[PDB]
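Encoded as structure tokens, the following chain is the form deposited in one PDB entry, with no partner shown.
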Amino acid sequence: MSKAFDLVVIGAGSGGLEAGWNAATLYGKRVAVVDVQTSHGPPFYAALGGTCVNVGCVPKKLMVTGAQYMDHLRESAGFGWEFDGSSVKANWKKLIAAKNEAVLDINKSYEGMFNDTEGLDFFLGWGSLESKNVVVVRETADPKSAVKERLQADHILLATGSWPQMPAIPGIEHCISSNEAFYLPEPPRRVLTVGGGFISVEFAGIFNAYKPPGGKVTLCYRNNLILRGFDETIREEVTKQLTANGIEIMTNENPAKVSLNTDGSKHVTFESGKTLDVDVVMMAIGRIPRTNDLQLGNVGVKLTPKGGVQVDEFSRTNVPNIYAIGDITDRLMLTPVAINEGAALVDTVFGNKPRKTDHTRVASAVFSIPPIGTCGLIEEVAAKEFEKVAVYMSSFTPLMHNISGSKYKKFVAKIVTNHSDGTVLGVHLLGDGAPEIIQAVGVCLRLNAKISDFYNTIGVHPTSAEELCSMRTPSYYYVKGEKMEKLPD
């Protein structure tokens, strides 16, 4: 049993490492951090640096960047670029290779951060909860496996992230998740992405760009319109723009069973009885908090009906000295949120300056082609919470997208306001640059910006962003939940 660690962190993720690093370097505390690999990839995929670094945001972005060149190569003809169209080949093996040494470089720098940091000490293997003051690192997820060491802990931080949700259906063994998608040896000629969420749409675009000749990408979603939770205009518009770039959307369709065909390909039967033959089925239907391997049964840490570690506003479990941040808490499954929770916790605990994460008006993005950037309430959620809601809406084709021959690439800008004071509740953007435009909109909503603060700021011309400063008249309203073009006199 090790000497007294001030903090023990199970999960070297976006949250864990912020908490660890802040606890150690900032408040001079003695810290232990525990993950299952020191580098990305099979068998466990996530590793030192967390889901983001190894099998999330970082490698994804690189791969969506890769996929954009399909569009750039085609669009450049309008601007009078000329090359041998038959000679164009998308080399998936070189992408993955580059993506792996990029991620691998991050892995090794974290290792160096641990090596160079006093009182911040890394431990390979599977952490679980023995007692309220003891974390046991075993060799595997199996609790009956060899004990690598027991860590004595003043306080304990659960930060094991989340994991792909696979539906219990016949042939689920033949289907994959984002995790495996990151390491496919060759790019799939045909692929089914299952889900209407961000991971399905993003991978649909990546496969769509790198697919060998006569390839095809289908995406299915059990309900009527993809990207539930996002602005409805944008949901309908990013459907049309994925379709336009050669992706088939099957809505109101869900796999019932997958079976292997005699060539090793995958035959898929939808609950509708429809069938489809594809080389890969990627499940991205949700992500579940990663609680199973922690043996929270031992110390009686309460999970929510959902399955996440229940916490209050300060990341505290029902066991006083034990805490949970990140995707394990099953709230906003973002990297910057897990990092904010991490820092607020460590300042709460070791700074006795109790700070909590604001989970409202958080800026987020979907690296679809074309991409999304959003911050705050959709109009539907606003319409229920506020008596009178104004919606400002503007759609336009960036002038370049005339010439480029991608005329479908409409840019959409929506501002949702509390019409009583013109306070901006939400800002929803679809088109090139959206993820970059929305960051500073995040700070505007933090300052309780009103619609008049947007339209009285002078535009930067020519940009898509200036559309946000060009909308003075509501397009329509929601009065006590009910839609209309005008307010009633």
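Only residues modelled in both forms are compared. One-based numbering along the sequence shown. What we label the rigid core is the largest C-alpha set whose atoms superpose within 1.5 Å from one form to the other.
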property	result
Entry-level comparison of average CA B-factors, 187-195 and 326-334, reporting the higher stretch	187-195
369-377 versus 125-133 - which carries the larger mean C-alpha B factor in the record	125-133
Among 76, 298, 178, 364 - the residue whose C-alpha B-factor is largest in the record	298
From 173, 101, 232, 341, residue of greatest CA B-factor	173
Assigned third (lowest, middle, highest) for the C-alpha B factor of residue 463	lowest
Residue 261 by Cα B-factor - lowest, middle or highest third of the modelled chain	highest
Lowest, middle or highest third - CA B-factor, residue 429	lowest
Ranked against its chain, the third holding the CA B-factor of residue 25	highest
Third of chain Cα B-factors occupied by residue 273	highest
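A second form of this protein, the form deposited with a small molecule bound, is not displayed here; the remarks below concern that form.
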| query | finding |
| --- | --- |
| Interface stretch in the deposited bound form with the small molecule - options 108-116, 262-270, 349-357, 414-422, non-hydrogen atom within 4.5 Å | 108-116 |
| Contact flag, residue 33 vs the small molecule in the deposited bound form, heavy atom cut 4.5 Å | yes |
| Exercise: residue 21 in contact with the small molecule in the deposited bound form, heavy atom 4.5 Å | yes |
| The small molecule contact in the deposited bound form: residue 299, any heavy atom under 4.5 Å | no |
| Partner proximity in the deposited bound form: residue 120 to the small molecule, non-hydrogen atom cutoff 4.5 Å | yes |
| Displacement runs between this form and the one not shown, C-alpha, 2 Å or more, three or more consecutive residues, core aligned | 1-4 |
